[PDB]
>>> print(open('run36.pdb').read())   # PDB, C-alpha atoms (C1' of nucleotides)
ATOM      1  CA  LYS A 655       0.738   1.936  28.783
ATOM      2  CA  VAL A 656       1.264   2.660  25.050
ATOM      3  CA  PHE A 657      -1.247   5.491  25.473
ATOM      4  CA  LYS A 658      -1.541   7.334  22.144
ATOM      5  CA  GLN A 659      -2.684  10.878  23.003
ATOM      6  CA  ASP A 660      -0.322  12.900  20.816
ATOM      7  CA  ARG A 661      -2.519  16.010  21.040
ATOM      8  CA  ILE A 662      -1.509  16.198  24.717
ATOM      9  CA  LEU A 663       2.217  15.539  24.241
ATOM     10  CA  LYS A 664       2.292  18.308  21.634
ATOM     11  CA  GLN A 665       1.560  20.861  24.370
ATOM     12  CA  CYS A 666       4.474  19.695  26.530
ATOM     13  CA  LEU A 667       6.850  19.562  23.572
ATOM     14  CA  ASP A 668       5.800  23.077  22.551
ATOM     15  CA  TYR A 669       6.428  24.315  26.096
ATOM     16  CA  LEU A 670       9.883  22.708  26.163
ATOM     17  CA  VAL A 671      11.008  24.931  23.276
ATOM     18  CA  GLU A 672       8.917  28.051  23.983
ATOM     19  CA  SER A 673      10.727  28.760  27.270
ATOM     20  CA  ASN A 674      14.218  28.062  25.832
ATOM     21  CA  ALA A 675      14.587  25.193  28.317
ATOM     22  CA  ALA A 676      15.779  22.768  25.627
ATOM     23  CA  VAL A 677      19.401  23.948  25.895
ATOM     24  CA  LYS A 678      20.168  23.620  29.628
ATOM     25  CA  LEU A 679      18.670  20.126  29.966
ATOM     26  CA  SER A 680      20.908  17.203  30.861
ATOM     27  CA  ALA A 681      21.916  15.002  27.937
ATOM     28  CA  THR A 682      20.602  11.799  29.526
ATOM     29  CA  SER A 683      17.178  13.366  30.057
ATOM     30  CA  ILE A 684      17.078  14.286  26.361
ATOM     31  CA  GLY A 685      18.164  10.789  25.342
ATOM     32  CA  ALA A 686      15.319   9.361  27.406
ATOM     33  CA  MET A 687      12.619  11.836  26.320
ATOM     34  CA  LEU A 688      13.342  11.391  22.611
ATOM     35  CA  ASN A 689      13.601   7.611  22.908
ATOM     36  CA  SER A 690      10.218   7.573  24.644
ATOM     37  CA  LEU A 691       8.758   9.773  21.898
ATOM     38  CA  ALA A 692      10.091   7.222  19.393
ATOM     39  CA  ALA A 693       8.127   4.455  21.145
ATOM     40  CA  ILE A 694       4.537   5.489  20.333
ATOM     41  CA  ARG A 695       5.355   6.761  16.805
ATOM     42  CA  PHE A 696       4.816  10.466  17.402
ATOM     43  CA  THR A 697       3.105  12.381  14.600
ATOM     44  CA  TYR A 698       3.782  16.146  14.852
ATOM     45  CA  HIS A 699       7.309  15.848  13.497
ATOM     46  CA  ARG A 700       7.841  19.585  12.954
ATOM     47  CA  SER A 701       7.794  20.317  16.690
ATOM     48  CA  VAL A 702      10.365  17.572  17.327
ATOM     49  CA  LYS A 703      12.496  19.096  14.562
ATOM     50  CA  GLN A 704      12.341  22.535  16.178
ATOM     51  CA  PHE A 705      13.236  20.870  19.486
ATOM     52  CA  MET A 706      16.287  19.201  17.929
ATOM     53  CA  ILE A 707      17.467  22.437  16.311
ATOM     54  CA  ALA A 708      17.506  24.341  19.621
ATOM     55  CA  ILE A 709      20.416  22.494  21.253
ATOM     56  CA  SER A 710      23.644  24.336  20.498
ATOM     57  CA  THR A 711      27.186  23.282  19.588
ATOM     58  CA  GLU A 712      28.519  23.321  23.147
ATOM     59  CA  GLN A 713      26.296  20.432  24.163
ATOM     60  CA  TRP A 714      27.305  18.047  21.372
ATOM     61  CA  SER A 715      31.005  18.650  22.032
ATOM     62  CA  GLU A 716      31.371  16.423  25.105
ATOM     63  CA  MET A 717      28.272  14.216  25.427
ATOM     64  CA  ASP A 718      28.907  10.729  26.735
ATOM     65  CA  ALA A 719      28.567   7.926  24.211
ATOM     66  CA  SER A 720      25.700   6.150  25.986
ATOM     67  CA  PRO A 721      23.223   9.056  25.601
ATOM     68  CA  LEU A 722      24.559   9.779  22.098
ATOM     69  CA  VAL A 723      23.622   6.328  20.815
ATOM     70  CA  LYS A 724      20.174   6.692  22.389
ATOM     71  CA  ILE A 725      19.709  10.045  20.650
ATOM     72  CA  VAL A 726      20.751   8.722  17.239
ATOM     73  CA  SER A 727      18.538   5.645  17.660
ATOM     74  CA  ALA A 728      15.570   7.845  18.566
ATOM     75  CA  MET A 729      16.284   9.975  15.500
ATOM     76  CA  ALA A 730      16.450   6.900  13.258
ATOM     77  CA  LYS A 731      13.299   5.197  14.553
ATOM     78  CA  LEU A 732      11.487   8.527  14.168
ATOM     79  CA  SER A 733      12.613   8.620  10.502
ATOM     80  CA  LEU A 734      14.399  11.967  10.721
ATOM     81  CA  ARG A 735      17.257  13.011   8.426
ATOM     82  CA  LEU A 736      18.258  16.461   9.668
ATOM     83  CA  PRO A 737      21.322  17.647   7.700
ATOM     84  CA  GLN A 738      23.264  19.862  10.109
ATOM     85  CA  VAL A 739      22.949  17.550  13.126
ATOM     86  CA  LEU A 740      24.350  14.483  11.348
ATOM     87  CA  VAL A 741      27.650  16.305  10.758
ATOM     88  CA  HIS A 742      27.808  17.134  14.472
ATOM     89  CA  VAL A 743      27.221  13.480  15.329
ATOM     90  CA  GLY A 744      29.781  12.362  12.739
ATOM     91  CA  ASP A 745      32.627  14.582  13.888
ATOM     92  CA  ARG A 746      31.837  14.027  17.576
ATOM     93  CA  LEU A 747      31.968  10.255  17.028
ATOM     94  CA  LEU A 748      35.623  10.684  16.023
ATOM     95  CA  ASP A 749      36.832  11.030  19.613
ATOM     96  CA  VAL A 750      34.705   8.483  21.501
ATOM     97  CA  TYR A 751      34.441   5.599  19.044
ATOM     98  CA  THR A 752      36.945   3.470  20.973
ATOM     99  CA  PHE A 753      34.787   3.648  24.112
ATOM    100  CA  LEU A 754      31.766   2.123  22.351
ATOM    101  CA  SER A 755      30.711  -1.337  23.481
ATOM    102  CA  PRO A 756      30.008  -3.966  20.794
ATOM    103  CA  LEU A 757      26.253  -3.525  21.275
ATOM    104  CA  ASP A 758      26.668   0.218  20.780
ATOM    105  CA  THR A 759      28.625  -0.261  17.554
ATOM    106  CA  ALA A 760      25.987  -2.680  16.257
ATOM    107  CA  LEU A 761      23.230  -0.197  17.074
ATOM    108  CA  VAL A 762      25.097   2.774  15.586
ATOM    109  CA  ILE A 763      25.835   1.057  12.273
ATOM    110  CA  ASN A 764      22.226   0.272  11.421
ATOM    111  CA  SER A 765      20.913   3.494  12.982
ATOM    112  CA  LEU A 766      23.139   5.453  10.599
ATOM    113  CA  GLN A 767      22.368   3.201   7.625
ATOM    114  CA  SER A 768      18.622   3.700   8.096
ATOM    115  CA  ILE A 769      18.842   7.528   7.954
ATOM    116  CA  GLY A 770      20.747   7.800   4.676
ATOM    117  CA  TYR A 771      23.992   8.996   6.258
ATOM    118  CA  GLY A 772      26.589   8.860   3.503
ATOM    119  CA  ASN A 773      29.910   9.836   5.097
ATOM    120  CA  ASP A 774      31.757   6.670   4.155
ATOM    121  CA  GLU A 775      34.950   7.098   6.178
ATOM    122  CA  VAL A 776      33.233   7.242   9.577
ATOM    123  CA  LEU A 777      31.215   4.102   8.813
ATOM    124  CA  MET A 778      34.436   2.427   7.673
ATOM    125  CA  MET A 779      36.189   3.327  10.924
ATOM    126  CA  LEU A 780      33.178   2.041  12.879
ATOM    127  CA  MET A 781      33.367  -1.198  10.885
ATOM    128  CA  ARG A 782      37.084  -1.453  11.663
ATOM    129  CA  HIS A 783      36.374  -0.972  15.372
ATOM    130  CA  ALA A 784      33.656  -3.637  15.228
ATOM    131  CA  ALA A 785      36.009  -6.061  13.480
ATOM    132  CA  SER A 786      38.640  -5.367  16.148
ATOM    133  CA  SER A 787      36.346  -6.723  18.889
ATOM    134  CA  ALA A 788      34.955  -9.522  16.712
ATOM    135  CA  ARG A 789      35.546 -12.201  19.352
ATOM    136  CA  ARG A 790      33.462 -10.111  21.786
ATOM    137  CA  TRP A 791      30.195 -10.024  19.795
ATOM    138  CA  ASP A 792      27.055 -11.950  20.756
ATOM    139  CA  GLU A 793      24.000 -12.947  18.723
ATOM    140  CA  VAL A 794      21.945  -9.778  19.250
ATOM    141  CA  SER A 795      24.711  -7.538  17.918
ATOM    142  CA  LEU A 796      25.041  -9.804  14.874
ATOM    143  CA  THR A 797      21.303  -9.453  14.248
ATOM    144  CA  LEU A 798      21.437  -5.667  14.590
ATOM    145  CA  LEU A 799      24.473  -5.401  12.285
ATOM    146  CA  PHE A 800      24.020  -8.001   9.535
ATOM    147  CA  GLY A 801      20.293  -7.266   9.436
ATOM    148  CA  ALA A 802      20.850  -3.588   8.660
ATOM    149  CA  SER A 803      19.344  -2.160   5.496
ATOM    150  CA  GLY A 804      21.858  -2.109   2.659
ATOM    151  CA  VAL A 805      24.716  -3.647   4.641
ATOM    152  CA  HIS A 806      26.313  -4.820   1.383
ATOM    153  CA  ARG A 807      28.070  -1.472   0.982
ATOM    154  CA  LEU A 808      29.623  -1.918   4.444
ATOM    155  CA  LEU A 809      31.264  -5.210   3.376
ATOM    156  CA  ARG A 810      33.875  -3.371   1.340
ATOM    157  CA  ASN A 811      37.401  -4.346   2.379
ATOM    158  CA  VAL A 812      38.603  -7.897   2.919
ATOM    159  CA  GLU A 813      40.262  -7.320   6.300
ATOM    160  CA  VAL A 814      37.296  -5.362   7.711
ATOM    161  CA  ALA A 815      34.803  -8.174   7.084
ATOM    162  CA  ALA A 816      36.494 -11.558   7.504
ATOM    163  CA  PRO A 817      37.302 -11.023  11.208
ATOM    164  CA  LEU A 818      33.571 -11.051  11.997
ATOM    165  CA  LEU A 819      32.375 -13.476   9.324
ATOM    166  CA  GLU A 820      33.313 -16.595  11.286
ATOM    167  CA  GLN A 821      31.761 -15.441  14.551
ATOM    168  CA  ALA A 822      28.592 -14.887  12.509
ATOM    169  CA  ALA A 823      28.517 -18.526  11.399
ATOM    170  CA  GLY A 824      29.464 -19.836  14.837
ATOM    171  CA  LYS A 825      27.007 -17.883  16.979
ATOM    172  CA  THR A 826      23.776 -17.064  15.136
ATOM    173  CA  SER A 827      21.313 -19.932  14.745
ATOM    174  CA  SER A 828      18.198 -18.564  13.014
ATOM    175  CA  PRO A 829      18.106 -19.988   9.454
ATOM    176  CA  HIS A 830      16.380 -16.891   8.058
ATOM    177  CA  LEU A 831      19.299 -14.675   9.068
ATOM    178  CA  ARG A 832      21.731 -17.198   7.577
ATOM    179  CA  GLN A 833      19.967 -17.007   4.218
ATOM    180  CA  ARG A 834      19.784 -13.207   4.473
ATOM    181  CA  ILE A 835      23.547 -12.910   4.980
ATOM    182  CA  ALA A 836      24.216 -15.492   2.261
ATOM    183  CA  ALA A 837      22.149 -13.463  -0.203
ATOM    184  CA  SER A 838      23.768 -10.189   0.901
ATOM    185  CA  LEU A 839      27.301 -11.534   0.374
ATOM    186  CA  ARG A 840      26.774 -11.698  -3.401
ATOM    187  CA  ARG A 841      26.498  -7.897  -3.821
ATOM    188  CA  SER A 842      29.898  -6.832  -2.444
ATOM    189  CA  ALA A 843      33.503  -6.317  -3.580
ATOM    190  CA  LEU A 844      34.827  -9.349  -1.762
ATOM    191  CA  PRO A 845      36.681 -11.892  -3.963
ATOM    192  CA  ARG A 846      34.960 -14.969  -5.388
ATOM    193  CA  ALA A 847      37.009 -17.468  -3.377
ATOM    194  CA  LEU A 848      36.139 -15.843  -0.061
ATOM    195  CA  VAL A 849      32.465 -15.400  -0.983
ATOM    196  CA  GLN A 850      32.183 -19.044  -2.059
ATOM    197  CA  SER A 851      33.953 -20.317   1.062
ATOM    198  CA  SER A 852      31.809 -18.163   3.362
ATOM    199  CA  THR A 853      28.565 -19.240   1.687
ATOM    200  CA  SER A 854      29.736 -22.864   1.912
ATOM    201  CA  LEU A 855      29.162 -22.730   5.688
ATOM    202  CA  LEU A 856      26.745 -19.800   6.013
ATOM    203  CA  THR A 857      23.784 -21.259   4.124
ATOM    204  CA  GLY A 858      21.785 -23.544   6.399
TER     205      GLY A 858
ATOM    206  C1'   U B   1      24.257  -0.266  30.090
ATOM    207  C1'   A B   2      20.097  -1.693  26.600
ATOM    208  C1'   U B   3      14.138  -5.163  24.852
ATOM    209  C1'   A B   4      15.478  -6.241  18.058
ATOM    210  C1'   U B   5      16.920  -4.895  11.991
ATOM    211  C1'   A B   6      14.040  -6.496   7.705
ATOM    212  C1'   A B   7      11.511  -4.449  -0.202
ATOM    213  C1'   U B   8      13.321  -7.010  -6.978
ATOM    214  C1'   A B   9       9.883  -7.376 -11.676
ATOM    215  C1'   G B  10       9.186 -11.305 -17.202
ATOM    216  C1'   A B  11       3.724 -12.964 -20.346
ATOM    217  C1'   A B  12      -0.064  -9.340 -24.583
ATOM    218  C1'   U B  13      -4.889 -13.517 -26.429
ATOM    219  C1'   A B  14     -12.407 -12.020 -30.077
ATOM    220  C1'   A B  15     -19.204 -15.913 -28.781
ATOM    221  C1'   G B  16     -23.814 -14.638 -30.814
ATOM    222  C1'   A B  17     -31.657 -14.115 -29.111
ATOM    223  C1'   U B  18     -35.206 -10.511 -22.379
ATOM    224  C1'   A B  19     -43.371 -10.701 -24.967
ATOM    225  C1'   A B  20     -41.534  -2.029 -25.765
ATOM    226  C1'   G B  21     -42.488   3.443 -25.870
ATOM    227  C1'   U B  22     -45.021   5.097 -35.160
ATOM    228  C1'   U B  23     -49.065   6.169 -37.650
ATOM    229  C1'   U B  24     -52.939  12.392 -39.196
ATOM    230  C1'   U B  25     -53.940  13.889 -47.951
ATOM    231  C1'   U B  26     -54.365  10.299 -50.969
ATOM    232  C1'   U B  27     -53.573  12.526 -55.761
ATOM    233  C1'   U B  28     -51.627  13.722 -60.831
ATOM    234  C1'   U B  29     -50.421  11.909 -65.846
ATOM    235  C1'   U B  30     -51.032   8.302 -70.132
ATOM    236  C1'   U B  31     -53.906   4.353 -72.755
ATOM    237  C1'   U B  32     -58.529   1.357 -73.717
ATOM    238  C1'   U B  33     -64.039   0.648 -73.318
ATOM    239  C1'   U B  34     -69.139   2.519 -72.432
ATOM    240  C1'   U B  35     -72.820   6.664 -71.828
ATOM    241  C1'   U B  36     -74.423  11.969 -72.653
ATOM    242  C1'   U B  37     -74.016  16.834 -75.216
ATOM    243  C1'   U B  38     -72.171  20.156 -79.300
ATOM    244  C1'   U B  39     -70.041  20.898 -84.388
ATOM    245  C1'   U B  40     -68.859  19.120 -89.520
ATOM    246  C1'   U B  41     -69.553  15.573 -93.749
ATOM    247  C1'   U B  42     -72.354  11.553 -96.440
ATOM    248  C1'   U B  43     -77.018   8.563 -97.385
ATOM    249  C1'   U B  44     -82.519   7.831 -97.020
ATOM    250  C1'   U B  45     -87.701   9.688 -95.986
ATOM    251  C1'   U B  46     -91.370  13.793 -95.582
ATOM    252  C1'   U B  47     -93.034  19.021 -96.377
ATOM    253  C1'   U B  48     -92.577  24.008 -98.865
ATOM    254  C1'   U B  49     -90.755  27.332-103.001
ATOM    255  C1'   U B  50     -88.660  28.055-108.049
ATOM    256  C1'   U B  51     -87.439  26.243-112.991
TER     257        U B  51
END
>>> encode(input="run36.pdb", output="structure tokens")
Amino acid sequence: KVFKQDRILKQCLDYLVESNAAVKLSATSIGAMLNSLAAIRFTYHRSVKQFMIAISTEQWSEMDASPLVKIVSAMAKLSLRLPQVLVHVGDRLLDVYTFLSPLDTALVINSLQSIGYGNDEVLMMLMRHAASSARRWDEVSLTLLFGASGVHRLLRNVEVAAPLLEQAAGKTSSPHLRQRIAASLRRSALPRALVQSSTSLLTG
RNA sequence: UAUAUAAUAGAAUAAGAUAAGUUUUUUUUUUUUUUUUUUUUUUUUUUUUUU
């Protein structure tokens, strides 16, 4: 109902952490609660922060990827940049990155870019995984990836970008996105020949 | 097995009439002219005294 009554939800979110019930909860329930709290633009951020801190190391060690992406998306849309939880997410993503679907990779890239996460090697490995499945990407994933804030830094290597560049021209059809990607190409480390050739078809 | 992301800049320079909001001696000095009073000098007239 998009019912904004945050002074009521604050009581429930205080109870969740007062009774130490934030640790035994199932991961999927957490990934749904936080995503819902990121839908009405919750205000009392400190309570959500204390809720995030409670969950221990054991829980993050073996969470499935599908609730993990929901949790990171809820953190990003809530504009949270907790330091010691991003390292947990980063090292946990090492073992399950192959299992991510193309939509999940597209979501994760921009969700991490929007929270100021600066561990370059994990974003590079995510970009490599995305380029591996380049033929398997649809329009929505292209919008979520190429429309990310500051994607120019993630266009670093030649072999990690070209594999998806074509698909981008072939599939997406909104002219605004075409001009956005054409403008973003100019601020990377790609060579001039490749940039010129890509913009020869991209702009339109 | 998902319904959705959005940020780039430049300049140095002036006109000009609206029927409006106090008042608190008047006096001192210098020069010229006229009138009145006092003093001094000269001339004329009258009276008294002396030679």
>>> atom_distance(input="run36.pdb", atom1="atom CA of residue 730 of chain A", atom2="atom CA of residue 842 of chain A")
24.8 Å
>>> resolve_selection(input="run36.pdb", expression="the PyMOL selection byres ((chain A and resi 706-714) around 12)", output="PDB file with C-alpha atoms, in the coordinates of the input")
ATOM      1  CA  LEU A 667       6.850  19.562  23.572  1.00  0.00           C
ATOM      2  CA  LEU A 670       9.883  22.708  26.163  1.00  0.00           C
ATOM      3  CA  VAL A 671      11.008  24.931  23.276  1.00  0.00           C
ATOM      4  CA  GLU A 672       8.917  28.051  23.983  1.00  0.00           C
ATOM      5  CA  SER A 673      10.727  28.760  27.270  1.00  0.00           C
ATOM      6  CA  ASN A 674      14.218  28.062  25.832  1.00  0.00           C
ATOM      7  CA  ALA A 675      14.587  25.193  28.317  1.00  0.00           C
ATOM      8  CA  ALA A 676      15.779  22.768  25.627  1.00  0.00           C
ATOM      9  CA  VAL A 677      19.401  23.948  25.895  1.00  0.00           C
ATOM     10  CA  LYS A 678      20.168  23.620  29.628  1.00  0.00           C
ATOM     11  CA  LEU A 679      18.670  20.126  29.966  1.00  0.00           C
ATOM     12  CA  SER A 680      20.908  17.203  30.861  1.00  0.00           C
ATOM     13  CA  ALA A 681      21.916  15.002  27.937  1.00  0.00           C
ATOM     14  CA  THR A 682      20.602  11.799  29.526  1.00  0.00           C
ATOM     15  CA  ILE A 684      17.078  14.286  26.361  1.00  0.00           C
ATOM     16  CA  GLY A 685      18.164  10.789  25.342  1.00  0.00           C
ATOM     17  CA  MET A 687      12.619  11.836  26.320  1.00  0.00           C
ATOM     18  CA  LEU A 688      13.342  11.391  22.611  1.00  0.00           C
ATOM     19  CA  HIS A 699       7.309  15.848  13.497  1.00  0.00           C
ATOM     20  CA  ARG A 700       7.841  19.585  12.954  1.00  0.00           C
ATOM     21  CA  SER A 701       7.794  20.317  16.690  1.00  0.00           C
ATOM     22  CA  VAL A 702      10.365  17.572  17.327  1.00  0.00           C
ATOM     23  CA  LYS A 703      12.496  19.096  14.562  1.00  0.00           C
ATOM     24  CA  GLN A 704      12.341  22.535  16.178  1.00  0.00           C
ATOM     25  CA  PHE A 705      13.236  20.870  19.486  1.00  0.00           C
ATOM     26  CA  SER A 715      31.005  18.650  22.032  1.00  0.00           C
ATOM     27  CA  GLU A 716      31.371  16.423  25.105  1.00  0.00           C
ATOM     28  CA  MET A 717      28.272  14.216  25.427  1.00  0.00           C
ATOM     29  CA  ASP A 718      28.907  10.729  26.735  1.00  0.00           C
ATOM     30  CA  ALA A 719      28.567   7.926  24.211  1.00  0.00           C
ATOM     31  CA  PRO A 721      23.223   9.056  25.601  1.00  0.00           C
ATOM     32  CA  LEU A 722      24.559   9.779  22.098  1.00  0.00           C
ATOM     33  CA  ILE A 725      19.709  10.045  20.650  1.00  0.00           C
ATOM     34  CA  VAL A 726      20.751   8.722  17.239  1.00  0.00           C
ATOM     35  CA  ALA A 728      15.570   7.845  18.566  1.00  0.00           C
ATOM     36  CA  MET A 729      16.284   9.975  15.500  1.00  0.00           C
ATOM     37  CA  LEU A 734      14.399  11.967  10.721  1.00  0.00           C
ATOM     38  CA  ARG A 735      17.257  13.011   8.426  1.00  0.00           C
ATOM     39  CA  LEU A 736      18.258  16.461   9.668  1.00  0.00           C
ATOM     40  CA  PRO A 737      21.322  17.647   7.700  1.00  0.00           C
ATOM     41  CA  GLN A 738      23.264  19.862  10.109  1.00  0.00           C
ATOM     42  CA  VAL A 739      22.949  17.550  13.126  1.00  0.00           C
ATOM     43  CA  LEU A 740      24.350  14.483  11.348  1.00  0.00           C
ATOM     44  CA  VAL A 741      27.650  16.305  10.758  1.00  0.00           C
ATOM     45  CA  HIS A 742      27.808  17.134  14.472  1.00  0.00           C
ATOM     46  CA  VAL A 743      27.221  13.480  15.329  1.00  0.00           C
ATOM     47  CA  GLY A 744      29.781  12.362  12.739  1.00  0.00           C
ATOM     48  CA  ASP A 745      32.627  14.582  13.888  1.00  0.00           C
ATOM     49  CA  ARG A 746      31.837  14.027  17.576  1.00  0.00           C
ATOM     50  CA  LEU A 747      31.968  10.255  17.028  1.00  0.00           C
ATOM     51  CA  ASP A 749      36.832  11.030  19.613  1.00  0.00           C
TER      52      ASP A 749
END
>>> interface_residues(input="run36.pdb", of="chain A", to="chain B", cutoff="10 Å", atoms="all atoms listed in the file", output="ChimeraX atom specification")
/A:720,724,755,757-758,761,764-765,768,794-803,831,834
>>> resolve_selection(input="run36.pdb", expression="the PyMOL selection byres ((chain A and resi 693) around 12)", output="PDB file with C-alpha atoms (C1' of nucleotides), in the frame of the given file")
ATOM      1  CA  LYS A 655       0.738   1.936  28.783  1.00  0.00           C
ATOM      2  CA  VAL A 656       1.264   2.660  25.050  1.00  0.00           C
ATOM      3  CA  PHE A 657      -1.247   5.491  25.473  1.00  0.00           C
ATOM      4  CA  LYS A 658      -1.541   7.334  22.144  1.00  0.00           C
ATOM      5  CA  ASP A 660      -0.322  12.900  20.816  1.00  0.00           C
ATOM      6  CA  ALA A 686      15.319   9.361  27.406  1.00  0.00           C
ATOM      7  CA  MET A 687      12.619  11.836  26.320  1.00  0.00           C
ATOM      8  CA  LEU A 688      13.342  11.391  22.611  1.00  0.00           C
ATOM      9  CA  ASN A 689      13.601   7.611  22.908  1.00  0.00           C
ATOM     10  CA  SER A 690      10.218   7.573  24.644  1.00  0.00           C
ATOM     11  CA  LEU A 691       8.758   9.773  21.898  1.00  0.00           C
ATOM     12  CA  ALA A 692      10.091   7.222  19.393  1.00  0.00           C
ATOM     13  CA  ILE A 694       4.537   5.489  20.333  1.00  0.00           C
ATOM     14  CA  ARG A 695       5.355   6.761  16.805  1.00  0.00           C
ATOM     15  CA  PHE A 696       4.816  10.466  17.402  1.00  0.00           C
ATOM     16  CA  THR A 697       3.105  12.381  14.600  1.00  0.00           C
ATOM     17  CA  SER A 727      18.538   5.645  17.660  1.00  0.00           C
ATOM     18  CA  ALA A 728      15.570   7.845  18.566  1.00  0.00           C
ATOM     19  CA  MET A 729      16.284   9.975  15.500  1.00  0.00           C
ATOM     20  CA  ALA A 730      16.450   6.900  13.258  1.00  0.00           C
ATOM     21  CA  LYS A 731      13.299   5.197  14.553  1.00  0.00           C
ATOM     22  CA  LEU A 732      11.487   8.527  14.168  1.00  0.00           C
TER      23      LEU A 732
ATOM     24  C1'   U B   3      14.138  -5.163  24.852  1.00  0.00           C
TER      25        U B   3
END
>>> atom_distance(input="run36.pdb", atom1="atom CA of residue 772 of chain A", atom2="atom CA of residue 838 of chain A")
19.4 Å
>>> axis_aligned_box(input="run36.pdb", around="segment 2-16 of chain B", padding_each_side="5 Å", output="AutoDock Vina command-line options")
--center_x -1.9 --center_y -8.8 --center_z -2.1 --size_x 53.9 --size_y 24.2 --size_z 67.4
>>> residues_around(input="run36.pdb", residues="residue 789 of chain A", least_positions_apart="2", cutoff="9 Å", atoms="all atoms listed in the file", output="MDAnalysis selection string")
chainID A and resid 785:787 791:792 817:818 821
>>> atom_distance(input="run36.pdb", atom1="atom CA of residue 752 of chain A", atom2="atom CA of residue 844 of chain A")
26.2 Å
>>> resolve_selection(input="run36.pdb", expression="the PyMOL selection byres ((chain A and resi 845) around 12)", output="PDB file with C-alpha atoms, in the frame of the given file")
ATOM      1  CA  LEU A 809      31.264  -5.210   3.376  1.00  0.00           C
ATOM      2  CA  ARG A 810      33.875  -3.371   1.340  1.00  0.00           C
ATOM      3  CA  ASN A 811      37.401  -4.346   2.379  1.00  0.00           C
ATOM      4  CA  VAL A 812      38.603  -7.897   2.919  1.00  0.00           C
ATOM      5  CA  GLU A 813      40.262  -7.320   6.300  1.00  0.00           C
ATOM      6  CA  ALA A 815      34.803  -8.174   7.084  1.00  0.00           C
ATOM      7  CA  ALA A 816      36.494 -11.558   7.504  1.00  0.00           C
ATOM      8  CA  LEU A 839      27.301 -11.534   0.374  1.00  0.00           C
ATOM      9  CA  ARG A 840      26.774 -11.698  -3.401  1.00  0.00           C
ATOM     10  CA  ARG A 841      26.498  -7.897  -3.821  1.00  0.00           C
ATOM     11  CA  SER A 842      29.898  -6.832  -2.444  1.00  0.00           C
ATOM     12  CA  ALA A 843      33.503  -6.317  -3.580  1.00  0.00           C
ATOM     13  CA  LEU A 844      34.827  -9.349  -1.762  1.00  0.00           C
ATOM     14  CA  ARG A 846      34.960 -14.969  -5.388  1.00  0.00           C
ATOM     15  CA  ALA A 847      37.009 -17.468  -3.377  1.00  0.00           C
ATOM     16  CA  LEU A 848      36.139 -15.843  -0.061  1.00  0.00           C
ATOM     17  CA  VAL A 849      32.465 -15.400  -0.983  1.00  0.00           C
ATOM     18  CA  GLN A 850      32.183 -19.044  -2.059  1.00  0.00           C
ATOM     19  CA  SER A 851      33.953 -20.317   1.062  1.00  0.00           C
ATOM     20  CA  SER A 852      31.809 -18.163   3.362  1.00  0.00           C
TER      21      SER A 852
END
>>> closest_residue(input="run36.pdb", among="A:814, A:753, A:767, A:698", to="residue 781 of chain A", atoms="all atoms listed in the file")
A:814
